[PDB]
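S.K.: What follows is a structure written as C-alpha cells; I'll ask about it next.
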Amino acid sequence: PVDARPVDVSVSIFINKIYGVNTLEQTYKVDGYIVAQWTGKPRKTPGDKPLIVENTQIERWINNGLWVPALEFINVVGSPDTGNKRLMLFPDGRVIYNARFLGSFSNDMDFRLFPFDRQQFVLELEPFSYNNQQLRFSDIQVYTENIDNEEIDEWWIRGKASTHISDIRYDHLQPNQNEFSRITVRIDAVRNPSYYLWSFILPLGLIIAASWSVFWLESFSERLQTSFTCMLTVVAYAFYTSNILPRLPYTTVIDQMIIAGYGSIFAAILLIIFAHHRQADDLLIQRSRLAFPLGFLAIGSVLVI
Amino acid sequence: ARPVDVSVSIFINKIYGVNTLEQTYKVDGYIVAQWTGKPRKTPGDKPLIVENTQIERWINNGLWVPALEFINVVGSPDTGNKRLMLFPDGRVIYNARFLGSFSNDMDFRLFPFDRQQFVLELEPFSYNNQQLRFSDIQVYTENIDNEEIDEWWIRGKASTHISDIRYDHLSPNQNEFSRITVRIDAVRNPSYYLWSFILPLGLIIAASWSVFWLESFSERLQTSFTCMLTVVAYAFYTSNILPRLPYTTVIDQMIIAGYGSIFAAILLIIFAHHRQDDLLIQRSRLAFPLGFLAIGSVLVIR
Amino acid sequence: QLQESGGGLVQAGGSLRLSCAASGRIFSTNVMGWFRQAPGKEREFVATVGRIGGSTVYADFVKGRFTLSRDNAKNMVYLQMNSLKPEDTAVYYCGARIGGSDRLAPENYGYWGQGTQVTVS
Amino acid sequence: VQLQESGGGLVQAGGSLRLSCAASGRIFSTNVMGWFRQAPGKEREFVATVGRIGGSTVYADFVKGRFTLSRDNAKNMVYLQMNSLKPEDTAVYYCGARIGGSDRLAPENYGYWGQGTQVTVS
Amino acid sequence: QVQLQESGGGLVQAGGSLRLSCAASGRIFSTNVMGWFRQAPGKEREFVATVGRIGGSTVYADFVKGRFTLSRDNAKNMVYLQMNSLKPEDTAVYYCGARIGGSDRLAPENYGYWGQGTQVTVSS
Ligand code: NA
C-alpha cells in the first residue's frame, strides 16, 4: 500500500546577514536559517501534541527509520557551519526540519565597474541523494533583515528576493531518475560608492589636475623636475589604494584613473622636452595649459564607452 | 500546563577581537541556566554532577535539556567544559563555558572617539514562551584594576532585558519566544590615535601653509607638491593601521581637507601670479589657516 | 517630529488603538517603537519591529495583548492594545531609533512625541 | 552577436518539434545560450540552458523531462528537442545569450534576443 | 600617589572575631586593586585576600578556610576584612597594599603603597 509519489518539500530561508565578500575567490558569507517541511505517515506522539527533537537526538530517530533527507547547498564552499538543528513531528504526519547555518557561498561576480558594481548573491539548494521522482521542491519563501538606515551599510539591497524552482538533469547518471529538484534564491545588491568617491577618487583627481600645473612654471628645468615629483606622487598613491582596495584579476575604474595619471605625466614630460629641444618659441607652446587638460578629459571621455 | 521558568546567569570574562568590517566581536564567558524539573533520586540523596560527554547519556535517557541559541552569534560558538547539576528536588543547573563571535550594529564614524554597545541575545531554539520562558537574568563582568592599558573603556554595569519575540511566519498563541538581551557599553581608548595620528596630521596640514611665506612664485608652487606628497605619504600610514571601513571617519575627512587645502593653495598661488605680482593676496597667510579651521569645525558636527 | 494619538479612558478589559504619525527623513517605519511612562516610574519599552522579517519585539508585560502594525503608505505605526488593565495606565510615547545596538533601549531613540495618555480603571 | 531561431510550426497534442538557434558573431561558446518562451499575456519565462557543471542541464519546472537541450559547438548551434507537446506550450520561443550575472534562470541576465519562432499546440 | 591606613586589630581570645579596615586616599579610582597581607615575626609576608578577576569572586589564602571575608565600600574607598573563628596561628601584623601592576593578584611584588599595618594578636 506504499506511496510512490514524490515527497513535496516546502522550504523557507531566513537570511540574517550577507557579508565577508572575498573578491578574488568570488565568495561571500551567509548566516541564516533553513526550514524544510514535508508530510509523512501519521504517528503517535506524547499527548497527541507536536514532538520536538533537538540536535543529537535527531540521529537516534534516523537510526529508527525516520526519513530525514540531506539537502546540499550546491554553491557552498566547504562544509557549512551548522548550528542548532531541530525536528518537529506532528501526529498527522507533518515533519519540519529547521537549522541555523553559516557558510561561504560562491557565484559569478564581476567587479570591473568597482566601486559602482552591482552583484547577485545566490543560494542554490538541492537534495543530495533523491531525484525529483522521490523528492521535489514545492515552494520557496525568503525572509531578509529589516533595515533601518542603509547609509552605514556596505551594500544596498535593491528589490525583493527572487526565487526559482527548476529541474537539473544529469547525463552522468532506470529512466527518469537522473533529474533533481533545485531551489535558487537571488539577492540583488549595489555597492555603496561613498567611501571610494571621497577617500580615493577625489584625492586622485586633485593629484592628476595638480600635475597639469607644471605648464605654469617659467623654466624648462622647473617643468621637467616637478613632473618627476608628480610621477612620484601617483606611485605613492597607487600603493595607498592597492593596500586597501580588493584584489582582482582585472583592472577597476580606479586602476584606470591611476594609469591615466601615469600617461598624463609621461605625456607632459615628452611635451616639455620637445618644446625646449626642438627650437631655440619654447615658452609659447608651453602655453598649452588649457590644451592638455582638455586632451586628457577628451581621451578620458572615450574611455567611458 | 505552565511554561518552565528558566533562570539565566551570564559571566563575561573578555570582549575583544572587534572586526570593524564585519561588525563582529568575540566574547568569552560562562552561561548558567537553572530550572526545576520533576524530583529524582540521587546517590546519597545529594546533588549529582554530570560532566561533558556524560551529559549525552542522560539526555538519551529522557532528561530534558533545551537548546538555547545565541541569536547574534556568528557560526557555532566554541563550547568548552559543560556540566549538569541534578538536585533531588527536581532542580537542574546547566553550566557551560563558551567563546563565540557575536555581531550587532556598530558605527565607527566618530573614530577614534566612537562608542559601542556589545550585545548578547539568547533565545530558546525550539520551545516557545508557553513552554519555556526566561524568568530572570543576571550578568557579571570583569573587575577592572586600571583601564589605561585597555583598548575599550567599559561604562556602566551590564544592562539586561527580557522580552518576547513574535514571529508572523509560524501562523494559536504559539509563535512567541522568550529572549534575553545583555548590553555592555564601552568607549574607545583614544590616547594612541590622538597623539600618533591626529596630532602629526595637524602638524603636516598646518606646515603646508608655510608656502605662503616663500618669496618666489617658483618656490611656492614647487613646494606645494612636496606637501601634497606628504599628505599621500601619510595616507598609507593611516590606511595601514586604522580599521577597514565602508565609510569615512573623522581622520579620513581631515585627510581629504588636507588634499583640498594644498590643492587650493596651488590655485591661489597660480591665481596670484597672473591676476594683475599680487603679493597682497599672497599675504593669505592667515586666511588659509582660518578657512580650514572653520570648515574643520563643521566636519565634526556628528 | 512624531505625534501620538488614540489614548483616552477605557474600562478594564477594553481596547484602544494608538497611532503615531511620522514626518521627516524616515525611509521606513521600522525605526519606530512604542514606550510608556507612568507617573514616578521610568520610561519602559513596549513594542518595536524585529530585526528579521516577520518578527516583532514586545515587552514582557504585553503577553500578547498588544500588536504593533505599520502603514508605510501613510508612514505610520499603530499599537492595538487589548485586554487592558489598570497596570497599563501611563503616557504612551512614540520614538524613532537613531542608531545604537539595542531595540529595547530608550537611550537609542530620539524625536520623541508629546505622548498620549492611556487610563484604565 | 546575432541569434536566429528556427524550427517552429504547428503540431497536435503529443507531437514533436526540433528548434534550432544559430549564433553568429563573437561568442565564446554555446554554453551561454538559453531557450526562453513567451505566450500572449504571459511574461517571457525560462525554458532551458546548460548547467554549471559538465553533463548537467537546467530545465524549467514545466518541462517535466519532455524537452532536451543539445549543442553542436562546431556549427555553433543549440537544439531543443520538444516531445509530448501540450496546448499550454503554445508561445513564441526566443533564444537569448547570457550577458553575465549568476542567474541562468533570469531573463534579465540575457540579451541579443532573436526574432523568435512561433510554436502552437492544438 | 595613594596612602593606606589599617585599623581594627587588637587582642582577642582563640575563637574570637575582629574586623580590620583599610582606608585609601589619593589617585585611586577603584578598591579592586587593594589587598590584605599579614607578616608575623619569623616568617615572610604572605598573601591573605583580595578581589577576584570576575565580579562576585574573591581570592583567599589557603589558610583562611572560609573564616575571613573581604567586603567593600567603593563609595568610601574602604575595604574590610571580617576575621572570625580566629586561631593562634593568625597572629601577625596585617598590611594593606595597592596593586602596582604585573598580573598576579597573589604576589606581593605587584603591590605597593603599603600601610603602617595593624597588629592582630590571638591568645588561648
Ligand atoms: Na624634492
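S.K.: Take the residues in region A:223-233 that are more than 14 Å from A:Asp282 (Cα to Cα) and more than 7 Å from every other protein chain (Cβ to nearest Cβ), then tell me which one is surrounded by the most Cβ atoms within 10 Å (Cβ to Cβ).
M.R.: So, considering only residues that are more than 14 Å from A:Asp282 (Cα to Cα) and more than 7 Å from every other protein chain (Cβ to nearest Cβ), the one surrounded by the most Cβ atoms within 10 Å (Cβ to Cβ) is A:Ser227.
S.K.: Right, something else. Would you please list the contacts, defined by Cβ atoms under 9 Å and residues six or more apart or on different chains, that run from a residue in region A:220-233 that is closer than 17 Å to B:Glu219 by Cβ and assigned by CATH to the domain that holds A:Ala280 to a residue that is among the polar types (S, T, N, Q) and within 11 Å of the ligand (Cβ to nearest atom)?
M.R.: From region A:220-233, the pairs are A:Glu222/B:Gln222; A:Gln225/B:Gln222; A:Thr226/B:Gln222; A:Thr229/B:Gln222; A:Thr229/B:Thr226.
S.K.: Test A:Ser162 against the criterion of being crowded, with 17+ Cβ neighbours inside 10 Å and within 12 Å of chain D (Cβ to nearest Cβ), and give yes or no.
M.R.: Answer is yes for this residue.
S.K.: Checking the condition out of contact with any helix residue (DSSP H, G or I) (no Cβ under 8 Å at 6 or more places or on another chain), within 11 Å of another protein chain (Cβ to nearest Cβ) and outside any strand (DSSP E or B), which residue from B:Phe118, B:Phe108 passes?
M.R.: The unique qualifying residue is B:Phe108.
S.K.: With the condition kept exactly as written, say whether any residue in region D:89-97 is closer than 27 Å to A:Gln120 by Cα and of a type in the set (A, V, I, L, M, F, W, C).
M.R.: Yes, region D:89-97 has at least one match.
S.K.: Follow-up. Could you please give the count of residues in region B:259-302 that are of a type in the set (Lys, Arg) and outside any loop (DSSP other than H, G, I, E, B)?
M.R.: 1
S.K.: Ok, one more. Among the listed residues B:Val27, B:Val92, B:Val32, B:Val73, which satisfies the condition of being closer than 28 Å to A:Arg60 by Cα, of a type outside the set (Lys, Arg) and away from every other protein chain (no Cβ under 13 Å)?
M.R.: The conditions single out B:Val92.
S.K.: In region B:215-243, what residues are hydroxyl-bearing (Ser, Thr, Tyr) and within 16 Å of the ligand (Cβ to nearest atom)?
M.R.: B:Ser216, B:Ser218, B:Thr223, B:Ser224, B:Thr226, B:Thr230
S.K.: How many residues are buried (at least 18 other Cβ atoms within 10 Å of the Cβ) and farther than 27 Å from B:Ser9 by Cα if we restrict to region E:46-66?
M.R.: So the answer is 2.
S.K.: Which residues, taken from region E:69-106, are surrounded by 13 or more Cβ atoms within 10 Å (Cβ to Cβ) and of a type in the set (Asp, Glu)?
M.R.: E:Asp90
S.K.: Could you identify the single residue in B:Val182, B:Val187, B:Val250 that is closer than 30 Å to C:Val57 by Cα, surrounded by fewer than 21 Cβ atoms within 10 Å (Cβ to Cβ) and more than 10 Å from chain A (Cβ to nearest Cβ)?
M.R.: B:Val187
S.K.: Follow-up. Since D:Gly114 meets every condition but one in (1) within 11 Å of chain A (Cβ to nearest Cβ); (2) within 23 Å of D:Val11 (Cβ to Cβ), which condition does it not meet?
M.R.: D:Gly114 satisfies all of (1) within 11 Å of chain A (Cβ to nearest Cβ); (2) within 23 Å of D:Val11 (Cβ to Cβ) except (1).
S.K.: Let me ask something else. Going residue by residue through region B:202-222, is there one that turns out to be more than 22 Å from B:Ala287 (Cβ to Cβ) and β-branched (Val, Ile, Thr)?
M.R.: No, because not a single residue in region B:202-222 is more than 22 Å from B:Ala287 (Cβ to Cβ) and β-branched (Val, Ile, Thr).
S.K.: Within region A:1-86, which strands (runs of 3 or more DSSP E) (wholly inside it) include 2 or more residues that are touching a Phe, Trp or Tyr at 6+ places or on another chain (Cβ under 6 Å)?
M.R.: Per the criteria, A:7-22, A:27-39.
S.K.: Further question on the same structure: Do any strands (runs of 3 or more DSSP E) entirely within region D:1-100 hold 3 or more residues that are within 14 Å of chain A (Cβ to nearest Cβ), and if so, which?
M.R.: It comes to D:33-38, D:45-50, D:56-60, D:68-72, D:77-83.
S.K.: Which residue pairs have Cβ atoms closer than 8 Å, lie 6 or more positions apart in sequence or on different chains, and pair a first residue in region A:269-281 that is assigned by CATH to the domain that holds A:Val214 with a second residue that is of a type outside the set (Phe, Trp, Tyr) and part of a loop (DSSP other than H, G, I, E, B)?
M.R.: Between residues of region A:269-281 that are assigned by CATH to the domain that holds A:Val214 and residues that are of a type outside the set (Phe, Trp, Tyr) and part of a loop (DSSP other than H, G, I, E, B), the close pairs are A:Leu271/A:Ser288; A:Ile272/A:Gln286; A:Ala275/A:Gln286.
What is reported rests on the model, the rules as stated and the sources as named; no laboratory read-out is quoted. Positions of Cβ are backbone-derived with ideal geometry, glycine not excepted, and every protein chain shown enters the neighbour counts.
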